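# Quick check, what structure comes out for this input:
(chains A, B, C, D and E, ligands or ions: 1)
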Amino acid sequence: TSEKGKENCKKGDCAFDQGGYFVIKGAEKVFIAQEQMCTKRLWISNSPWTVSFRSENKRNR
Amino acid sequence: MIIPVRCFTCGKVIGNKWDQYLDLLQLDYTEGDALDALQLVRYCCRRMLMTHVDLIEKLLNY
DNA sequence: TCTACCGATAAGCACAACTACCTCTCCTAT
RNA sequence: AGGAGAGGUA
DNA sequence: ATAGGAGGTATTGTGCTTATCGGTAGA
Ligand SMILES: [Zn+2]
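Residues are numbered from 1 along each chain as shown, chains lettered A, B, ... in the order given. The relevant structure is shown in the block below.
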(Lines give C-alpha, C1' and ligand atoms only; values in the text may rest on other atoms or scores of the structure.)
Protein backbone atom coordinates (compact mmCIF):
# COMPACT_ATOMS: atom_id res chain seq x y z
CA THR A 1 0.00 0.00 0.00
CA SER A 2 2.83 2.41 0.81
CA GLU A 3 4.28 4.31 -2.17
CA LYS A 4 1.56 2.92 -4.44
CA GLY A 5 0.66 4.30 -7.84
CA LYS A 6 -2.37 6.34 -8.81
CA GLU A 7 -4.02 3.37 -10.53
CA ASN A 8 -3.42 1.09 -7.54
CA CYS A 9 -4.98 3.66 -5.20
CA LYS A 10 -8.29 3.72 -7.09
CA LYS A 11 -8.96 0.00 -6.50
CA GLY A 12 -8.54 -1.12 -2.90
CA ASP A 13 -8.40 1.18 0.12
CA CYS A 14 -11.11 3.80 0.62
CA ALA A 15 -8.57 6.57 1.42
CA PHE A 16 -10.23 7.20 4.80
CA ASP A 17 -7.68 5.52 7.11
CA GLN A 18 -3.94 6.15 7.28
CA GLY A 19 -3.28 2.52 8.21
CA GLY A 20 -2.31 2.42 11.88
CA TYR A 21 -3.79 -1.01 12.68
CA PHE A 22 -2.97 -4.70 12.27
CA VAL A 23 -4.76 -7.60 10.59
CA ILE A 24 -4.60 -10.67 12.83
CA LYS A 25 -7.78 -12.65 12.10
CA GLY A 26 -9.78 -10.17 10.04
CA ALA A 27 -10.19 -7.75 12.97
CA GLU A 28 -8.28 -4.48 13.27
CA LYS A 29 -5.89 -4.31 16.23
CA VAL A 30 -4.45 -1.00 17.47
CA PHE A 31 -1.71 -0.53 20.06
CA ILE A 32 -2.22 1.94 22.90
CA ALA A 33 0.70 3.97 24.24
CA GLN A 34 1.84 2.74 27.65
CA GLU A 35 3.13 5.36 30.09
CA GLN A 36 6.32 4.07 31.73
CA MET A 37 8.72 5.57 34.24
CA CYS A 38 11.93 7.06 32.88
CA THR A 39 14.89 4.70 33.32
CA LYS A 40 17.59 7.32 32.61
CA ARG A 41 16.87 9.66 35.55
CA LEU A 42 17.71 9.32 39.23
CA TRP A 43 14.57 8.46 41.21
CA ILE A 44 14.12 9.50 44.85
CA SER A 45 11.26 8.09 46.93
CA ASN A 46 10.01 8.58 50.48
CA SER A 47 9.04 6.21 53.30
CA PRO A 48 11.78 5.03 53.38
CA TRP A 49 14.13 7.70 52.00
CA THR A 50 16.04 6.10 49.13
CA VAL A 51 17.52 6.86 45.72
CA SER A 52 17.59 4.22 42.98
CA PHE A 53 19.39 3.91 39.64
CA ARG A 54 17.33 2.15 36.98
CA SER A 55 18.64 -0.63 34.74
CA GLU A 56 18.81 -0.17 30.97
CA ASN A 57 19.32 -3.72 29.67
CA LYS A 58 20.83 -5.92 32.39
CA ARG A 59 19.64 -5.94 36.01
CA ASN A 60 22.31 -3.68 37.49
CA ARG A 61 20.00 -1.55 39.62
CA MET B 1 -23.65 11.80 -1.84
CA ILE B 2 -25.45 13.97 -4.41
CA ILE B 3 -27.05 17.30 -3.47
CA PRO B 4 -30.13 16.69 -1.28
CA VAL B 5 -33.24 17.56 -3.26
CA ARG B 6 -36.30 19.56 -2.10
CA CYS B 7 -34.43 21.44 0.69
CA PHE B 8 -36.10 19.78 3.70
CA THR B 9 -36.50 23.12 5.50
CA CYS B 10 -39.27 25.14 3.75
CA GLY B 11 -39.42 22.72 0.78
CA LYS B 12 -37.60 24.48 -2.07
CA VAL B 13 -36.50 22.83 -5.32
CA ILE B 14 -32.70 23.17 -5.38
CA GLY B 15 -31.86 19.88 -7.09
CA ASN B 16 -30.88 21.53 -10.39
CA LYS B 17 -28.82 24.41 -8.95
CA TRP B 18 -25.65 22.55 -7.93
CA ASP B 19 -24.03 22.72 -11.37
CA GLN B 20 -24.81 26.43 -11.64
CA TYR B 21 -23.39 26.99 -8.15
CA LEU B 22 -20.17 25.17 -9.10
CA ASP B 23 -19.92 27.18 -12.33
CA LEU B 24 -20.34 30.43 -10.40
CA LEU B 25 -17.71 29.36 -7.86
CA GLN B 26 -15.35 28.55 -10.74
CA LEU B 27 -15.36 32.25 -11.69
CA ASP B 28 -14.42 35.20 -9.46
CA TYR B 29 -17.55 34.96 -7.32
CA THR B 30 -17.92 34.56 -3.58
CA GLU B 31 -20.36 32.18 -1.91
CA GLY B 32 -22.79 34.96 -1.01
CA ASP B 33 -22.88 36.45 -4.50
CA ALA B 34 -23.24 33.00 -6.07
CA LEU B 35 -26.16 32.16 -3.78
CA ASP B 36 -27.77 35.55 -4.45
CA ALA B 37 -27.48 34.98 -8.21
CA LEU B 38 -29.59 31.82 -7.80
CA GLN B 39 -32.58 33.80 -6.42
CA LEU B 40 -32.50 32.52 -2.83
CA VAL B 41 -33.92 34.99 -0.30
CA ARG B 42 -34.20 32.55 2.63
CA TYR B 43 -31.15 31.33 4.53
CA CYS B 44 -32.39 27.72 4.67
CA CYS B 45 -31.74 27.18 0.95
CA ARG B 46 -28.39 28.97 1.25
CA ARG B 47 -27.43 26.68 4.14
CA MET B 48 -28.50 23.62 2.13
CA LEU B 49 -26.45 24.70 -0.90
CA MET B 50 -23.45 25.76 1.23
CA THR B 51 -23.12 22.80 3.62
CA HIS B 52 -23.32 20.08 0.96
CA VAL B 53 -20.23 17.95 0.32
CA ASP B 54 -19.60 16.18 -2.99
CA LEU B 55 -19.00 12.53 -2.07
CA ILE B 56 -20.23 10.65 -5.16
CA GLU B 57 -16.98 11.51 -6.98
CA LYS B 58 -14.97 9.45 -4.49
CA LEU B 59 -17.55 6.66 -4.76
CA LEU B 60 -17.09 6.56 -8.54
CA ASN B 61 -13.29 6.80 -8.31
CA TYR B 62 -13.02 4.22 -5.51
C1' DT C 1 12.62 -19.50 96.25
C1' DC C 2 8.75 -22.14 91.26
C1' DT C 3 4.05 -22.77 88.90
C1' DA C 4 -0.10 -20.57 86.45
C1' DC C 5 -2.77 -18.40 83.51
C1' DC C 6 -3.11 -13.44 81.13
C1' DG C 7 -3.37 -9.53 78.50
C1' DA C 8 -0.35 -7.12 74.52
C1' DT C 9 2.41 -7.17 69.10
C1' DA C 10 3.12 -9.15 64.85
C1' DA C 11 1.55 -12.61 61.08
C1' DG C 12 -1.08 -14.28 58.25
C1' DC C 13 -6.33 -15.61 56.48
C1' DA C 14 -10.94 -14.21 54.61
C1' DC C 15 -14.43 -11.26 52.32
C1' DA C 16 -15.35 -6.61 50.29
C1' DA C 17 -14.60 -3.19 47.53
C1' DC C 18 -22.41 -1.03 43.80
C1' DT C 19 -27.50 -1.49 40.72
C1' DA C 20 -30.72 -2.41 35.99
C1' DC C 21 -28.25 -3.16 31.74
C1' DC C 22 -26.23 -3.73 26.01
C1' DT C 23 -22.81 -4.89 22.26
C1' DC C 24 -18.60 -7.20 20.33
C1' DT C 25 -14.15 -10.40 20.22
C1' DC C 26 -12.12 -14.69 21.69
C1' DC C 27 -12.31 -19.64 23.80
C1' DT C 28 -11.83 -24.39 24.42
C1' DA C 29 -4.06 -27.23 25.76
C1' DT C 30 0.17 -30.31 23.06
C1' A D 1 -24.76 -23.64 24.70
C1' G D 2 -21.51 -22.13 28.87
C1' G D 3 -17.56 -19.00 29.98
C1' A D 4 -13.12 -15.11 29.71
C1' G D 5 -11.73 -10.10 27.99
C1' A D 6 -12.78 -5.01 26.18
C1' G D 7 -15.99 -0.68 24.66
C1' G D 8 -20.26 1.31 26.46
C1' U D 9 -26.34 3.05 28.42
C1' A D 10 -29.70 4.95 32.52
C1' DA E 1 2.56 -38.98 29.48
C1' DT E 2 5.89 -34.42 28.89
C1' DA E 3 6.57 -29.12 28.70
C1' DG E 4 5.16 -24.24 30.25
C1' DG E 5 15.19 -19.84 37.25
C1' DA E 6 14.22 -16.54 39.16
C1' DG E 7 14.24 -10.95 38.93
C1' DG E 8 14.22 -5.87 42.54
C1' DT E 9 10.52 -5.07 42.52
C1' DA E 10 6.51 -1.32 41.37
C1' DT E 11 -4.10 -2.84 46.26
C1' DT E 12 -5.97 -1.74 50.31
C1' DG E 13 -8.72 -2.50 54.02
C1' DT E 14 -11.03 -3.99 57.83
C1' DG E 15 -12.32 -8.19 60.94
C1' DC E 16 -10.41 -12.71 62.97
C1' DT E 17 -7.36 -16.08 64.66
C1' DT E 18 -3.37 -17.52 66.09
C1' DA E 19 1.45 -17.47 68.33
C1' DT E 20 4.75 -15.65 71.42
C1' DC E 21 6.27 -12.88 74.92
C1' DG E 22 7.11 -11.54 78.48
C1' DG E 23 4.57 -10.66 82.82
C1' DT E 24 3.27 -10.59 87.68
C1' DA E 25 0.09 -13.29 91.42
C1' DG E 26 -0.08 -17.10 94.42
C1' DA E 27 2.19 -21.17 97.57
ZN1 LIG F 1 -35.50 26.68 1.65
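# And residue A:23, its phi and psi?
With angles defined as degrees, to the nearest 10, residue A:23 sits at phi -110, psi 110.
# any idea how far residue A:13 is from the closest residue to it other than its chain neighbours?
Closest residue to residue A:23 apart from its sequence neighbours, by CB to CB, 6 or more residues apart in numbering or on different chains: residue A:29 at 7.8 Å. Using the backbone N, CA and C atoms, a C-beta is placed for each residue, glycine as well. Look at residue A:29 and residue A:13: by CB to CB, to the nearest Å, they are 18 Å apart.
# more neighbours, the two?
More neighbours surround residue A:13 than the other of residue A:29 and residue A:13, with 14 against 9 (other CB atoms under 10 Å in any protein chain shown).
# For DNA strand C, give me its nearest residue in chain B.
residue B:62 (23.0 Å; CB to the nearest atom of the strand).
# Repeat that for chain A.
Minimum separation of chain A from DNA strand C (CB to the nearest atom of the strand) falls at residue A:27, amounting to 4.0 Å.
# Chain B versus that residue, what's the distance?
Separation of residue A:27 from chain B (CB to the nearest CB, to the nearest Å): 23 Å.
# give me the number of residues near residue B:24?
Other residues near residue B:24 come to 19 when the count uses other CB under 10 Å.
# element containing it, please.
helix B:18-26 (DSSP states H and E).
# where do the helices sit along the chain?
You didn't pick a chain, so chain A it is. A:6-10 (DSSP state H).
# try chain B instead
Here chain B has its helices, by DSSP H, at B:18-26, B:31-37, B:43-50, B:56-61.
# gap between residue A:40 and chain B?
According to CB to the nearest CB, residue A:40 stands 47 Å off from chain B.
# residues contacting the closest residue to that residue other than its chain neighbours?
In space, residue A:40 comes closest to residue A:54 once its chain neighbours are excluded; the distance is 7.2 Å by CB to CB, 6+ apart. Listed by CB atoms under 8 Å, 6 or more residues apart in numbering or on different chains, the contact partners of residue A:54 are A:37, A:38, A:39, A:40, A:41, A:43, A:61.
# quick one: the nearest residue in space to the second one that is not next to it in sequence from residue A:46, how far?
This points to residue A:38. Spatially, and ignoring its direct neighbours in sequence, residue A:38 is nearest to residue A:54 (7.7 Å; CB to CB, 6+ apart). According to CB to CB, residue A:54 stands 18 Å off from residue A:46.
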